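Trainee: What follows is input27.txt, made up of compact mmCIF, C-alpha atoms:
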```txt
# COMPACT_ATOMS: atom_id res chain seq x y z
CA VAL M 637 0.00 0.00 0.00
CA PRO M 638 1.26 3.50 -0.82
CA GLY M 639 2.11 6.18 1.69
CA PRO M 640 0.09 9.34 2.26
CA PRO M 641 0.40 12.41 0.05
CA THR M 642 1.95 15.49 1.63
CA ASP M 643 1.90 19.28 1.35
CA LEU M 644 -1.70 19.35 0.20
CA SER M 645 -2.73 22.86 -0.80
CA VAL M 646 -6.10 24.25 -1.85
CA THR M 647 -6.62 27.71 -3.35
CA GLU M 648 -9.74 29.50 -4.51
CA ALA M 649 -10.23 31.62 -7.63
CA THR M 650 -13.24 33.00 -9.49
CA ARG M 651 -13.41 31.89 -13.12
CA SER M 652 -15.87 31.72 -16.01
CA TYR M 653 -17.21 28.75 -17.97
CA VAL M 654 -19.02 29.28 -21.28
CA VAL M 655 -20.96 26.33 -22.72
CA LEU M 656 -22.01 26.18 -26.38
CA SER M 657 -24.42 23.74 -27.99
CA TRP M 658 -26.03 23.34 -31.41
CA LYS M 659 -27.77 20.85 -33.74
CA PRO M 660 -26.00 19.31 -36.76
CA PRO M 661 -27.17 20.45 -40.19
CA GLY M 662 -29.65 18.62 -42.35
CA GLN M 663 -27.23 18.74 -45.29
CA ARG M 664 -24.48 16.65 -43.73
CA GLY M 665 -22.33 16.08 -46.81
CA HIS M 666 -21.10 12.78 -48.17
CA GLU M 667 -19.55 11.46 -44.94
CA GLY M 668 -18.94 12.09 -41.25
CA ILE M 669 -18.85 15.64 -39.94
CA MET M 670 -16.43 17.71 -37.87
CA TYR M 671 -17.00 21.08 -36.18
CA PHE M 672 -14.95 24.28 -36.01
CA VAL M 673 -15.89 26.96 -33.46
CA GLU M 674 -15.26 30.65 -34.14
CA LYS M 675 -15.19 33.57 -31.70
CA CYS M 676 -15.60 37.33 -32.11
CA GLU M 677 -15.65 40.19 -29.60
CA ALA M 678 -18.68 42.48 -29.35
CA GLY M 679 -16.55 45.50 -30.26
CA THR M 680 -14.63 44.15 -33.23
CA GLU M 681 -15.92 42.38 -36.34
CA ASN M 682 -12.97 39.97 -36.32
CA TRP M 683 -14.06 36.32 -36.41
CA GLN M 684 -11.24 34.02 -35.24
CA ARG M 685 -11.28 30.24 -34.96
CA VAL M 686 -10.88 28.62 -31.55
CA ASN M 687 -8.06 26.20 -32.29
CA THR M 688 -8.28 22.88 -30.46
CA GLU M 689 -6.12 19.96 -29.38
CA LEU M 690 -8.81 17.50 -30.54
CA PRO M 691 -11.39 17.66 -33.31
CA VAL M 692 -14.72 18.89 -32.00
CA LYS M 693 -16.67 15.78 -32.93
CA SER M 694 -19.71 16.50 -30.76
CA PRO M 695 -22.15 19.40 -31.34
CA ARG M 696 -21.13 20.98 -28.02
CA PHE M 697 -18.14 22.94 -26.75
CA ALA M 698 -16.91 24.75 -23.63
CA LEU M 699 -14.49 27.60 -22.91
CA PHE M 700 -12.77 28.33 -19.60
CA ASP M 701 -11.90 31.73 -18.08
CA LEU M 702 -12.93 34.13 -20.79
CA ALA M 703 -12.19 37.75 -19.92
CA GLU M 704 -14.74 38.97 -17.39
CA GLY M 705 -17.00 41.85 -18.37
CA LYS M 706 -16.41 41.23 -22.09
CA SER M 707 -19.12 40.32 -24.58
CA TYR M 708 -18.55 37.71 -27.29
CA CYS M 709 -20.36 36.25 -30.28
CA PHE M 710 -19.97 32.62 -31.34
CA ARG M 711 -20.70 30.71 -34.53
CA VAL M 712 -20.06 27.13 -35.69
CA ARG M 713 -19.29 25.64 -39.11
CA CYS M 714 -19.03 22.04 -40.34
CA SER M 715 -16.04 20.48 -42.07
CA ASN M 716 -15.73 17.45 -44.38
CA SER M 717 -12.88 16.14 -46.47
CA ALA M 718 -14.56 18.19 -49.21
CA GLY M 719 -14.25 21.54 -47.45
CA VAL M 720 -15.60 23.88 -44.78
CA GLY M 721 -19.25 24.89 -44.92
CA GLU M 722 -20.98 28.18 -44.21
CA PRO M 723 -21.31 29.41 -40.61
CA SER M 724 -24.30 29.23 -38.32
CA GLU M 725 -26.17 32.22 -37.00
CA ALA M 726 -24.33 33.84 -34.11
CA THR M 727 -25.38 34.06 -30.45
CA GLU M 728 -24.07 36.55 -27.90
CA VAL M 729 -22.87 36.05 -24.32
CA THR M 730 -21.45 38.42 -21.70
CA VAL M 731 -18.89 37.04 -19.27
CA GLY G 635 -17.35 15.40 -52.33
CA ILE G 636 -20.13 17.54 -50.81
CA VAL G 637 -19.49 20.23 -48.19
CA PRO G 638 -21.84 20.05 -45.17
CA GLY G 639 -24.48 22.61 -44.37
CA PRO G 640 -24.39 25.03 -41.47
CA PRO G 641 -25.29 24.06 -37.90
CA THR G 642 -28.48 25.50 -36.45
CA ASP G 643 -29.99 26.47 -33.09
CA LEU G 644 -26.76 27.55 -31.42
CA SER G 645 -27.34 28.27 -27.72
CA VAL G 646 -24.96 29.51 -25.02
CA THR G 647 -25.07 29.44 -21.21
CA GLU G 648 -22.42 31.04 -19.00
CA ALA G 649 -21.47 30.83 -15.34
CA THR G 650 -18.96 32.76 -13.25
CA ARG G 651 -18.30 31.01 -9.95
CA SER G 652 -15.51 30.03 -7.60
CA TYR G 653 -12.94 27.54 -8.90
CA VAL G 654 -11.09 25.38 -6.38
CA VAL G 655 -7.64 24.02 -7.22
CA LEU G 656 -5.92 21.26 -5.25
CA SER G 657 -2.27 20.21 -5.33
CA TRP G 658 -0.12 17.91 -3.22
CA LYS G 659 3.16 16.00 -3.22
CA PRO G 660 3.28 12.24 -3.89
CA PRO G 661 4.39 9.89 -1.10
CA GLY G 662 7.60 7.94 -0.94
CA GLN G 663 5.82 4.90 -2.40
CA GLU G 667 4.26 0.96 -9.95
CA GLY G 668 1.28 2.94 -11.28
CA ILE G 669 -0.47 5.08 -8.68
CA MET G 670 -3.73 7.01 -8.56
CA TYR G 671 -5.23 9.45 -6.08
CA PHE G 672 -8.62 9.51 -4.33
CA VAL G 673 -9.97 12.89 -3.19
CA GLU G 674 -12.22 13.17 -0.14
CA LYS G 675 -14.42 16.10 0.87
CA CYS G 676 -16.23 17.23 4.03
CA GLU G 677 -17.78 20.52 5.16
CA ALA G 678 -15.83 22.64 7.67
CA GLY G 679 -17.54 20.72 10.45
CA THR G 680 -15.00 17.95 9.76
CA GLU G 681 -17.16 14.91 10.44
CA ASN G 682 -18.75 13.57 7.24
CA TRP G 683 -15.93 12.58 4.89
CA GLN G 684 -17.20 11.77 1.39
CA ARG G 685 -15.25 10.55 -1.62
CA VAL G 686 -15.15 12.91 -4.60
CA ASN G 687 -16.11 10.65 -7.50
CA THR G 688 -14.45 11.37 -10.85
CA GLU G 689 -15.06 10.48 -14.48
CA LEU G 690 -11.36 9.62 -14.97
CA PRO G 691 -8.77 8.22 -12.54
CA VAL G 692 -6.70 10.97 -10.90
CA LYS G 693 -3.22 9.99 -12.10
CA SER G 694 -1.54 13.39 -11.39
CA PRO G 695 -1.01 15.13 -7.98
CA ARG G 696 -3.59 17.80 -8.83
CA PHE G 697 -7.36 18.19 -9.03
CA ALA G 698 -9.91 20.94 -9.56
CA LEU G 699 -13.62 21.51 -8.93
CA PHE G 700 -15.72 24.22 -10.58
CA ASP G 701 -19.14 23.96 -8.88
CA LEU G 702 -18.61 23.86 -5.13
CA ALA G 703 -21.31 25.60 -3.10
CA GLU G 704 -20.51 29.29 -2.62
CA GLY G 705 -20.35 30.54 0.96
CA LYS G 706 -19.59 27.04 2.30
CA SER G 707 -16.28 25.95 3.84
CA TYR G 708 -14.75 22.57 2.98
CA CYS G 709 -11.89 20.32 4.04
CA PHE G 710 -10.00 18.13 1.56
CA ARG G 711 -7.66 15.16 1.91
CA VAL G 712 -6.05 12.85 -0.64
CA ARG G 713 -5.13 9.16 -0.58
CA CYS G 714 -2.81 7.24 -2.89
CA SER G 715 -3.76 3.93 -4.52
CA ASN G 716 -1.63 1.09 -5.90
CA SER G 717 -2.48 -2.34 -7.22
CA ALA G 718 -1.84 -3.39 -3.61
CA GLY G 719 -4.49 -1.20 -2.01
CA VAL G 720 -5.44 2.25 -0.77
CA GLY G 721 -3.14 4.05 1.67
CA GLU G 722 -3.80 6.37 4.57
CA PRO G 723 -5.01 9.94 3.91
CA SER G 724 -2.99 13.13 3.95
CA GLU G 725 -3.45 15.98 6.40
CA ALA G 726 -6.56 18.02 5.64
CA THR G 727 -6.64 21.57 4.27
CA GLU G 728 -9.50 24.07 4.49
CA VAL G 729 -10.92 26.45 1.88
CA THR G 730 -13.74 28.97 1.91
CA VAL G 731 -15.43 29.41 -1.45
```
Go through the file and emit its structure as structure tokens.

Mentor:
Amino acid sequence: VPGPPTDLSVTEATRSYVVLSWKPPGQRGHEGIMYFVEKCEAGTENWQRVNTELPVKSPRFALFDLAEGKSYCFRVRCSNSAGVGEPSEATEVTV
Amino acid sequence: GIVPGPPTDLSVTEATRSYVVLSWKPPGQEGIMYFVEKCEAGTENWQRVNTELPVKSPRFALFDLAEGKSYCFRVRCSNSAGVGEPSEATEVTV
């Protein structure tokens, strides 16, 4: 049996969690689908992709510790081997 | 090939709350995993913090602890042999 852990420390911080969710399209393409999430600040008009470690294979996504007091818009597009499709309608959230 | 259509019905929910981060040092003791235990500041009712994945690293975090409540935490190490004795507890107020 192992020994006990030591120097256990617990700290507390206020953070933000944003959860996105959507339905897949009716026109799914010739094969399986993959999702790419894009982000844009309320001020700018600059849509930037949220790059990921893993392919977003489920129609849901989450973001941790977005800047507090800032407002964002999000939109999702689908990707095949054929190409990247047109974006969804955007939805706004304030952190 | 045929490019897919656009997703629909995008919806977003957001929560700002207190985020609790734990960290500890491994004991002087093959593959090991950790079991986290929780109890309110009245340190009587120790409950195991169940996880979706085994805790293989000396760190853990929780994002939805009850605000305004005080908790105590303690960690145990686990081998293929068994589960060892717990660490000293540490308190946090969220």

Trainee: Need the shell around residue M:724: protein/DNA/RNA residues with any atom at most 12 Å away, counting all atoms listed in the file. Skip same-chain ones fewer than 5 positions apart. Format as a PyMOL selection string?

Mentor: (chain M and resi 657-661+671-674+709-714) or (chain G and resi 638-645)

Trainee: For the residues selected in the previous step, produce a file with C-alpha atoms as a tab-separated table (two decimals), in the frame of the given file.

Mentor:
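The resulting part-v6.tsv:
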```tsv
chain	number	residue	atom	x	y	z
M	657	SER	CA	-24.42	23.74	-27.99
M	658	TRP	CA	-26.03	23.34	-31.41
M	659	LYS	CA	-27.77	20.85	-33.74
M	660	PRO	CA	-26.00	19.31	-36.76
M	661	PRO	CA	-27.17	20.45	-40.19
M	671	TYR	CA	-17.00	21.08	-36.18
M	672	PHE	CA	-14.95	24.28	-36.01
M	673	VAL	CA	-15.89	26.96	-33.46
M	674	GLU	CA	-15.26	30.65	-34.14
M	709	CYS	CA	-20.36	36.25	-30.28
M	710	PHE	CA	-19.97	32.62	-31.34
M	711	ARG	CA	-20.70	30.71	-34.53
M	712	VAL	CA	-20.06	27.13	-35.69
M	713	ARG	CA	-19.29	25.64	-39.11
M	714	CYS	CA	-19.03	22.04	-40.34
G	638	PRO	CA	-21.84	20.05	-45.17
G	639	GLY	CA	-24.48	22.61	-44.37
G	640	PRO	CA	-24.39	25.03	-41.47
G	641	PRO	CA	-25.29	24.06	-37.90
G	642	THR	CA	-28.48	25.50	-36.45
G	643	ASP	CA	-29.99	26.47	-33.09
G	644	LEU	CA	-26.76	27.55	-31.42
G	645	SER	CA	-27.34	28.27	-27.72
```

Trainee: Out of G:679, G:660, G:695, G:723, which residue has the shortest atom-to-atom distance to residue G:707 when counting only C-alpha atoms?

Mentor: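 Of the candidates, the smallest distance to residue G:707 is held by G:679.
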
Trainee: Find, counting only C-alpha atoms, the residue in M:675, M:715, M:685, M:700 that gets nearest to chain G.

Mentor: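 So, comparing all the options, the nearest one is M:715.
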
Trainee: Counting only C-alpha atoms, figure out which residue out of G:718, G:636, G:690, G:699 gets nearest to residue M:650.

Mentor: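 Looking at the shortest contact to residue M:650, the residue is G:699.
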
Trainee: Tell me as a ChimeraX atom specification which residues belonging to chain M come within 7 Å of chain G, counting only C-alpha atoms.

Mentor: /M:637-666,712-716,718-724,727,729,731

Trainee: So which one's closest to residue G:672, G:708, G:685, G:694, G:701? Using only C-alpha atoms, please.

Mentor: G:685

Trainee: Report the distance between atom CA of residue M:678 and atom CA of residue M:707 in Å, rounded to one decimal place.

Mentor: 5.3 Å

Trainee: Using the file's own x, y and z axes, so that the box edges lie along x, y and z, what centre and edge lengths in Å (one decimal) does a box around every listed atom of stretch 662-677 of chain M get when 6 Å is added on each side? Give it as AutoDock Vina command-line options.

Mentor:
```
--center_x -22.3 --center_y 25.8 --center_z -38.9 --size_x 26.7 --size_y 40.7 --size_z 30.6
```

Trainee: Quote the spacing between atom CA of residue M:691 and atom CA of residue M:669 in Å to one decimal place.

Mentor: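 Pair atom CA of residue M:691 / atom CA of residue M:669 returns 10.2 Å.
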
Trainee: At what distance in Å, to one decimal, does atom CA of residue M:667 lie from atom CA of residue M:684?

Mentor: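 Here the two named atoms are 25.9 Å from each other.
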
Trainee: Which residues are close to stretch 686-688 of chain G, i.e. within 8 Å by only C-alpha atoms, leaving aside same-chain residues fewer than 2 positions away? Reply as a list in words.

Mentor: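 The residues that qualify are residues 672, 673, 674, 675, 684, 690, 691 and 692 of chain G.
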